[PDB]
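Coordinates as given in target-v7.txt (compact mmCIF, C-alpha atoms):
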# COMPACT_ATOMS: atom_id res chain seq x y z
CA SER G 59 25.33 -29.22 56.09
CA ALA G 60 27.71 -26.41 57.06
CA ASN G 61 26.56 -24.54 53.97
CA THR G 62 22.89 -24.94 54.90
CA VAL G 63 23.66 -23.68 58.48
CA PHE G 64 25.31 -20.53 57.04
CA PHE G 65 22.63 -19.87 54.41
CA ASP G 66 19.92 -20.42 57.02
CA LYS G 67 21.63 -17.64 59.07
CA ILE G 68 21.53 -15.40 55.99
CA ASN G 69 17.81 -16.23 55.67
CA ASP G 70 17.15 -15.44 59.36
CA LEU G 71 18.75 -12.03 58.85
CA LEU G 72 16.65 -11.31 55.77
CA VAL G 73 13.41 -12.34 57.46
CA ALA G 74 14.17 -10.27 60.56
CA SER G 75 15.14 -7.28 58.43
CA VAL G 76 12.00 -7.04 56.30
CA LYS G 77 9.93 -7.12 59.51
CA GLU G 78 11.47 -3.77 60.40
CA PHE G 79 10.64 -2.07 57.10
CA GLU G 80 7.49 0.04 56.78
CA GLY G 81 6.58 -0.59 53.19
CA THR G 82 7.11 -3.36 50.67
CA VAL G 83 10.54 -4.88 50.16
CA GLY G 84 12.10 -7.73 48.26
CA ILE G 85 15.59 -8.93 49.03
CA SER G 86 17.64 -11.50 47.17
CA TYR G 87 21.11 -12.75 48.09
CA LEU G 88 23.32 -14.95 45.90
CA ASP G 89 26.58 -16.54 47.02
CA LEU G 90 28.52 -16.45 43.76
CA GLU G 91 30.95 -19.34 44.51
CA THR G 92 28.28 -21.88 45.46
CA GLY G 93 25.28 -20.53 43.56
CA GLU G 94 23.22 -20.72 46.75
CA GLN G 95 20.50 -18.13 47.08
CA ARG G 96 18.20 -16.78 49.73
CA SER G 97 15.28 -14.45 49.12
CA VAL G 98 12.49 -12.83 51.04
CA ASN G 99 9.57 -11.61 48.92
CA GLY G 100 11.89 -12.18 45.96
CA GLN G 101 9.12 -12.44 43.38
CA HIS G 102 7.22 -9.22 44.06
CA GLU G 103 7.53 -6.99 40.99
CA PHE G 104 8.61 -3.36 41.41
CA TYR G 105 8.95 -0.52 38.90
CA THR G 106 12.56 -0.82 37.75
CA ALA G 107 13.45 2.84 37.80
CA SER G 108 17.13 3.26 36.78
CA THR G 109 18.10 -0.30 37.57
CA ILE G 110 17.06 -1.07 33.96
CA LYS G 111 20.18 0.78 32.77
CA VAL G 112 22.28 -2.32 33.61
CA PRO G 113 20.55 -4.73 31.16
CA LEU G 114 20.19 -1.84 28.71
CA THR G 115 23.99 -1.47 28.56
CA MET G 116 24.35 -5.26 28.27
CA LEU G 117 22.03 -5.19 25.25
CA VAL G 118 24.06 -2.36 23.71
CA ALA G 119 27.22 -4.45 24.20
CA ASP G 120 25.50 -7.48 22.63
CA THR G 121 24.48 -5.30 19.71
CA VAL G 122 28.07 -4.15 19.16
CA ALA G 123 29.16 -7.80 19.30
CA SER G 124 26.63 -8.66 16.59
CA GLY G 125 28.37 -6.17 14.27
CA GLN G 126 25.37 -3.83 13.93
CA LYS G 127 26.96 -1.01 15.91
CA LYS G 128 30.51 0.10 16.80
CA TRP G 129 31.73 1.77 19.99
CA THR G 130 33.17 4.58 17.88
CA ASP G 131 29.83 5.36 16.22
CA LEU G 132 28.65 8.90 16.79
CA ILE G 133 25.13 8.91 18.17
CA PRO G 134 23.21 12.14 17.58
CA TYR G 135 21.39 13.97 20.34
CA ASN G 136 17.73 14.61 19.46
CA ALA G 137 16.42 17.43 21.64
CA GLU G 138 12.87 16.64 20.66
CA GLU G 139 13.10 13.01 21.75
CA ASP G 140 15.99 12.61 24.22
CA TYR G 141 15.96 15.55 26.66
CA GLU G 142 15.42 14.59 30.30
CA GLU G 143 16.59 16.17 33.53
CA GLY G 144 17.50 14.45 36.78
CA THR G 145 20.71 12.46 37.05
CA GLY G 146 23.33 12.75 34.37
CA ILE G 147 26.08 14.78 32.68
CA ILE G 148 24.69 15.29 29.20
CA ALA G 149 21.67 17.45 30.17
CA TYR G 150 23.96 19.98 31.78
CA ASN G 151 26.46 20.34 28.91
CA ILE G 152 24.59 19.14 25.85
CA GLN G 153 26.70 18.16 22.83
CA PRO G 154 25.30 17.39 19.39
CA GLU G 155 26.59 13.81 19.34
CA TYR G 156 28.43 11.31 21.49
CA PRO G 157 30.43 8.20 20.82
CA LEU G 158 28.41 5.13 21.67
CA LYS G 159 31.08 4.14 24.21
CA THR G 160 30.62 7.41 26.06
CA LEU G 161 26.82 6.93 26.34
CA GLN G 162 27.38 3.40 27.56
CA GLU G 163 29.65 4.66 30.37
CA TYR G 164 27.51 7.64 31.35
CA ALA G 165 24.29 5.57 31.59
CA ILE G 166 25.78 3.70 34.54
CA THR G 167 28.45 5.91 36.14
CA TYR G 168 26.20 9.00 36.25
CA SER G 169 22.85 7.19 35.83
CA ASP G 170 22.54 9.54 32.85
CA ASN G 171 18.92 9.76 31.70
CA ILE G 172 19.70 11.37 28.33
CA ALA G 173 22.33 8.67 27.71
CA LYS G 174 19.66 6.06 28.45
CA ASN G 175 17.31 7.71 25.98
CA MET G 176 19.99 7.85 23.29
CA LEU G 177 20.85 4.15 23.88
CA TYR G 178 17.17 3.26 23.45
CA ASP G 179 17.17 5.28 20.19
CA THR G 180 20.25 3.38 19.01
CA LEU G 181 18.57 0.04 19.73
CA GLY G 182 15.43 0.91 17.72
CA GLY G 183 13.38 2.38 20.51
CA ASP G 184 12.47 1.58 24.08
CA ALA G 185 9.74 -1.01 23.24
CA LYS G 186 12.11 -3.02 21.11
CA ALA G 187 14.96 -2.76 23.61
CA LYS G 188 12.74 -3.71 26.53
CA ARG G 189 11.32 -6.72 24.70
CA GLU G 190 14.79 -7.92 23.80
CA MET G 191 16.42 -7.52 27.19
CA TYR G 192 13.50 -9.05 29.06
CA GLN G 193 13.05 -11.95 26.64
CA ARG G 194 16.77 -12.72 26.34
CA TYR G 195 17.97 -12.14 29.89
CA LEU G 196 14.88 -13.00 31.97
CA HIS G 197 12.76 -15.09 29.57
CA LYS G 198 9.85 -12.79 30.44
CA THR G 199 7.53 -10.49 28.57
CA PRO G 200 7.88 -6.90 29.75
CA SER G 201 5.45 -4.12 30.43
CA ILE G 202 6.71 -1.43 28.12
CA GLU G 203 5.07 1.51 29.94
CA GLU G 204 5.91 0.33 33.46
CA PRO G 205 8.73 -2.17 33.34
CA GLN G 206 9.19 -4.22 36.53
CA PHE G 207 11.83 -6.28 38.26
CA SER G 208 11.69 -8.53 41.29
CA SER G 209 14.82 -8.91 43.41
CA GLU G 210 15.17 -12.41 41.90
CA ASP G 211 15.03 -10.94 38.41
CA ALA G 212 17.86 -8.59 39.37
CA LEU G 213 19.98 -11.56 40.51
CA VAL G 214 19.53 -13.29 37.13
CA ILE G 215 20.86 -10.19 35.39
CA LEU G 216 23.73 -9.73 37.85
CA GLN G 217 24.75 -13.39 37.57
CA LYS G 218 24.95 -13.12 33.78
CA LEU G 219 27.09 -10.00 33.98
CA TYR G 220 29.39 -11.49 36.59
CA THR G 221 29.93 -14.80 34.76
CA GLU G 222 30.23 -13.40 31.28
CA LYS G 223 32.57 -10.47 32.03
CA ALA G 224 35.38 -13.01 32.19
CA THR G 225 35.34 -13.32 28.38
CA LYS G 226 33.46 -10.14 27.40
CA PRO G 227 35.57 -7.01 28.02
CA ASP G 228 32.55 -4.86 27.33
CA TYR G 229 30.70 -6.53 30.21
CA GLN G 230 33.77 -5.95 32.40
CA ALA G 231 33.48 -2.27 31.37
CA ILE G 232 29.85 -2.22 32.53
CA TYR G 233 30.90 -3.78 35.85
CA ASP G 234 33.69 -1.25 36.24
CA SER G 235 31.25 1.62 35.53
CA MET G 236 29.07 0.18 38.34
CA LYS G 237 32.10 0.33 40.69
CA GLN G 238 32.87 3.90 39.58
CA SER G 239 29.27 5.11 39.89
CA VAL G 240 29.08 8.45 41.69
CA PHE G 241 26.19 7.82 44.07
CA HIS G 242 27.90 6.87 47.31
CA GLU G 243 24.91 5.51 49.10
CA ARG G 244 22.73 2.43 49.57
CA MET G 245 24.94 -0.61 48.86
CA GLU G 246 27.94 1.69 49.00
CA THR G 247 28.75 2.20 52.69
CA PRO G 248 31.88 2.96 54.68
CA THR G 249 32.26 -0.79 55.01
CA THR G 250 31.78 -1.73 51.35
CA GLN G 251 33.46 1.31 49.74
CA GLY G 252 35.82 0.40 46.89
CA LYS G 253 34.45 -3.13 46.93
CA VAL G 254 30.98 -2.71 45.45
CA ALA G 255 29.61 -2.65 41.91
CA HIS G 256 26.04 -1.32 42.11
CA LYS G 257 23.23 0.37 40.20
CA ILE G 258 20.79 2.44 42.17
CA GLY G 259 17.23 3.17 41.08
CA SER G 260 14.82 5.81 42.36
CA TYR G 261 11.37 7.04 41.41
CA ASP G 262 8.88 8.50 43.88
CA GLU G 263 8.27 5.76 46.45
CA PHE G 264 10.56 3.27 44.67
CA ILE G 265 14.10 3.07 46.12
CA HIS G 266 16.32 0.23 44.93
CA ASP G 267 19.87 -0.97 44.61
CA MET G 268 21.43 -4.04 43.06
CA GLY G 269 25.05 -5.10 42.93
CA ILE G 270 27.96 -7.32 43.66
CA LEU G 271 29.86 -7.10 46.92
CA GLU G 272 33.55 -8.03 46.56
CA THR G 273 34.03 -9.86 49.85
CA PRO G 274 36.69 -12.64 49.65
CA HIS G 275 33.81 -14.98 48.77
CA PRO G 276 31.79 -12.52 46.69
CA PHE G 277 28.02 -12.19 46.64
CA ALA G 278 25.28 -10.54 44.65
CA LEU G 279 22.53 -8.60 46.34
CA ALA G 280 19.30 -6.96 45.22
CA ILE G 281 17.06 -4.86 47.48
CA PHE G 282 13.98 -3.34 45.92
CA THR G 283 11.64 -1.23 48.03
CA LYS G 284 8.47 0.81 47.88
CA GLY G 285 7.68 2.95 50.87
CA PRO G 286 6.76 6.43 51.99
CA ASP G 287 10.18 7.63 53.20
CA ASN G 288 13.02 7.76 50.72
CA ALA G 289 15.66 8.39 53.44
CA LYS G 290 14.48 5.41 55.47
CA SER G 291 14.48 3.20 52.40
CA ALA G 292 18.06 4.11 51.50
CA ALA G 293 19.19 3.61 55.09
CA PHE G 294 17.54 0.18 55.15
CA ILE G 295 19.46 -0.92 52.05
CA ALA G 296 22.77 0.25 53.59
CA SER G 297 22.00 -1.45 56.91
CA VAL G 298 21.08 -4.81 55.45
CA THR G 299 24.06 -4.62 53.09
CA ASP G 300 26.48 -4.10 55.98
CA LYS G 301 24.91 -6.92 58.04
CA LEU G 302 25.20 -9.37 55.16
CA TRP G 303 28.79 -8.22 54.49
CA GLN G 304 29.67 -8.92 58.11
CA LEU G 305 28.22 -12.45 57.96
CA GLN G 306 29.87 -13.17 54.65
CA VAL G 307 33.28 -12.13 55.91
CA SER G 308 33.13 -13.68 59.37
CA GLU G 309 31.07 -16.93 59.18
CA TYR G 310 31.54 -18.18 55.59
CA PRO G 311 31.75 -22.01 55.74
CA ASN G 312 34.89 -23.96 54.92
CA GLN G 313 34.29 -25.84 51.68
If you convert what's in this file into structure tokens, what do you get?
Amino acid sequence: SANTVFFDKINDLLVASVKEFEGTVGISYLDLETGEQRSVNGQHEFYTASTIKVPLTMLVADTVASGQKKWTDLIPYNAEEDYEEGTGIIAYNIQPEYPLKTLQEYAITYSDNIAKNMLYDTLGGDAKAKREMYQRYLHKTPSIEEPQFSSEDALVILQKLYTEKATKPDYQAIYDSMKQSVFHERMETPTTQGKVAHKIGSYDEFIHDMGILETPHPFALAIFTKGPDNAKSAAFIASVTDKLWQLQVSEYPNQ
């Protein structure tokens, strides 16, 4: 009963919050210790933008585990297929090849677009990779041209990473790269700093973040938005994140 009281308070906060947002938003919260979730508009599908780099890296790790690739493998840069600007390290000091491990790191820590392209190449192309990650991790068929996630989808992916990193060091490495990511915004706030693993995503009107907040009783959170004002969208994510953090640290029910 005490749990339902607390989770109902989380729900009240989510409902109140989305009322304030000019645009479309989905929010999903997961209390990792109990498995209890609360969502508002948690099934609306949004263009993934860079959030897809998380399951991409998971798939790369799975592929290494299968024996088909090794972390030490040198992956060649293909100008004619891999070049992309925006976020990343590679574009701004291009090398002819990279260890697979390095790509894996850069795709998350620096949201590196070229790294992402080179990972898709390694996995047999983006259509194949997308089919595999969606089918295996979400039990869904993807749109290859315009892949989508709901906030609930994001929670399914985060839960898998969080559970399985206990026995999969390469998933722990992904998590750690999410903690070390260089974009100190959205779910990363003065309150959550040093205690958040997150993957931002941005494209035009799409502004997202998804992650795990390392409160004493930890929780997963996904906030996906589409709206006209990028600054407002990012500020909304940070605001809701801090409000949930405060509840989680101050009113968590005795079990």
So that I can see what lies close to residue 128 (chain G), please list as a tab-separated table (two decimals) with C-alpha atoms, keeping the file's coordinate frame the residues with an atom at most 10 Å from it, counting only C-alpha atoms and leaving out residues fewer than 6 positions away in the same chain.
chain	number	residue	atom	x	y	z
G	118	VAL	CA	24.06	-2.36	23.71
G	119	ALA	CA	27.22	-4.45	24.20
G	121	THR	CA	24.48	-5.30	19.71
G	122	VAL	CA	28.07	-4.15	19.16
G	157	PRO	CA	30.43	8.20	20.82
G	158	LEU	CA	28.41	5.13	21.67
G	159	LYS	CA	31.08	4.14	24.21
Inset, instruction - Calculate how many Å separate CA of residue 278 (chain G) from CA of residue 216 (chain G), rounding to one decimal. - result: 7.0 Å
Inset, instruction - Compile the contact shell of region 255-268 of chain G as an NGL selection string: residues with an atom at most 8 Å away, counting all atoms listed in the file, same-chain residues fewer than 3 positions apart removed. - result: :G and (104-109 or 112 or 166 or 212 or 233-239 or 241 or 244-246 or 271 or 278-288 or 291-292 or 295)
Legend entry - Pairwise distance for CA of residue 141 (chain G) and CA of residue 232 (chain G), rounded to one decimal in Å: 23.3 Å
Legend entry - Residue among G:169, G:249, G:97, G:180 lying closest to residue 156 (chain G), counting only C-alpha atoms: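 Smallest distance to residue 156 (chain G) is found for G:180.
Minimum atom-to-atom distance to residue 95 (chain G), evaluated using all atoms listed in the file, belongs to G:217 out of G:207, G:187, G:289, G:217.
Across the structure, CA of residue 302 (chain G) and CA of residue 64 (chain G) are spaced 11.3 Å apart.
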Inset, instruction - Excluding residue 102 (chain G) and any residue of its chain fewer than 6 positions from it, enumerate the residues within 9 Å of it, using only C-alpha atoms, and give them as a ChimeraX atom specification. - result: /G:82-84,207-210
Inset, instruction - Compare G:173, G:199, G:92, G:127 by their minimum atom-to-atom distance to residue 185 (chain G), counting only C-alpha atoms, and give me the closest one. - result: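 Once distances to residue 185 (chain G) are computed over only C-alpha atoms, the minimum belongs to G:199.
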Legend entry - residue 160 (chain G) environment, 10 Å, all atoms listed in the file, sequence neighbours closer than 6 positions dropped, as a list in words: residues 129, 130, 132, 133 and 173 of chain G
Legend entry - Long-range neighbours of residue 171 (chain G) as a list in words, 7 Å cut-off, all atoms listed in the file, 6 positions minimum in chain: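 With the cut-off at 7 Å, the set is residues 142, 145, 146 and 165 of chain G.
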Legend entry - Closest of G:111, G:275, G:182, G:252 to residue 312 (chain G) - atom-to-atom distances counting all atoms listed in the file: G:275
Legend entry - Residue with smallest distance to residue 311 (chain G) - pool G:91, G:137, G:69, G:272, counting all atoms listed in the file: G:91
